[PDB]
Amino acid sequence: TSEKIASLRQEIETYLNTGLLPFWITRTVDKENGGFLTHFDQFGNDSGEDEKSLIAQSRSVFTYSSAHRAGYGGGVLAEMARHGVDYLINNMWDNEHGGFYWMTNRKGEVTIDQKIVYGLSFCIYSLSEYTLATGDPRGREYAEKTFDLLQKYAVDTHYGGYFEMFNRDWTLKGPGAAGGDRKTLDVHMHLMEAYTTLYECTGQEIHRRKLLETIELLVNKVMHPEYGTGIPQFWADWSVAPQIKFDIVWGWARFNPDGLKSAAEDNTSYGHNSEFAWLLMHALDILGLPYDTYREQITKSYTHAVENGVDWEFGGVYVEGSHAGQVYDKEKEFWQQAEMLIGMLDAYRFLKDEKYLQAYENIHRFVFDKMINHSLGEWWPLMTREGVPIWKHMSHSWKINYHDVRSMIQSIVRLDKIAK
């Protein structure tokens, strides 16, 4: 219903303009040391972490670049992005070996000099988006510099794909938790997301060809060969590896005590599969290719998410479950809802089955009625199945505004497409 679509779009528009973006605009710009402040407790007050992670600073650069480019933030977001791009190049860029450092403290000193491809993907993503929004060639320059370093040091020229964790001097890290012997869905999915904006910015044949190569890797090696769902970790030879926690992390380790099959290695994340599918669709948009170029893959990702991840009774998407169709972890974490909002919409656009629009409204209602802490404007990071926050910290080094702002803008955009 156009009245229902308009109601949903307005709910997002008011919340995005008066709640979410103001939460960050009034808090994050650090004029003393440069960069952004991203550590806020359940009362919007500083938690005091002496960290400015590459993930935090780059995602902020992306959010403010993309939101300004979309027409949000009252025009002040572009200069906020430049403030962060200033911090990235001046404090986080390695002037002897290249690439962006993983971690800095509050005053700008490098504290983890490793070159993590997961963070470097977000550098390529955010700096490409930054140049697209502001025209500053510094974004594209350092994004191209990062891409070239990934080709030189990270690309496995035999098996394909990328090695994902390196020391500061770009030497491959050790095996196991050091991160030097695994190829992961986490990194390879976001490089596809990164190369999409990179190619959109530069327009080179090389960036279009490597974006397609990244899509091919995900479809042919990363996703389940039968179910099409994302498998988290692989060996270099692309056989499935046992899932491990790397020494370098970019999230809080959450164990659901009442989760099912704790040791099961066949888990897949509905939020990841939805995030991959709509990002692949957006990649096809940027590539000028039709969606059904990967109709089998896109249909597998969305069908699996809507049939197993959507909590129809309480609302929101579950954390993870088996490829076969069993739900393992029924908790409610913030980023999977964000990615499910966009995906379920794009699923409705491509597959045209109304259970996807129902799936969107289920998750839309969950985020606005349960997840959004309206007194501050940010999202609760983790919740019991029926709502009710488990963790109440509003933001940290790994939870900023990348997922929620983009999912808000992209949802108004796709909902507008559906109404027409």
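In case it trips you up, residue 1 is the first one in the sequence shown, and so on.
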{"query": "Of 135 to 143 and 260 to 268, the one with larger mean CA B-factor", "finding": "260 to 268"}
{"query": "Residue range whose averaged C-alpha B-factor is higher in the record, 53 to 61 or 351 to 359", "finding": "351 to 359"}
{"query": "Deposited CA B-factor, highest of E339, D247, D181, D148", "finding": "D181"}
{"query": "Peak C-alpha temperature factor (PDB record), options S239, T229, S128, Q243", "finding": "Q243"}
{"query": "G74 - which third its CA temperature factor falls in, relative to the rest of the chain", "finding": "lowest"}
{"query": "Chain thirds of CA B-factor: placement of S121", "finding": "lowest"}
{"query": "Ranked C-alpha temperature factor of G108 among modelled chain residues, by third", "finding": "middle"}
{"query": "Chain-wide C-alpha B factor ranking for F100, given as lowest, middle or highest third", "finding": "lowest"}
{"query": "Chain-relative CA temperature factor third for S407", "finding": "highest"}
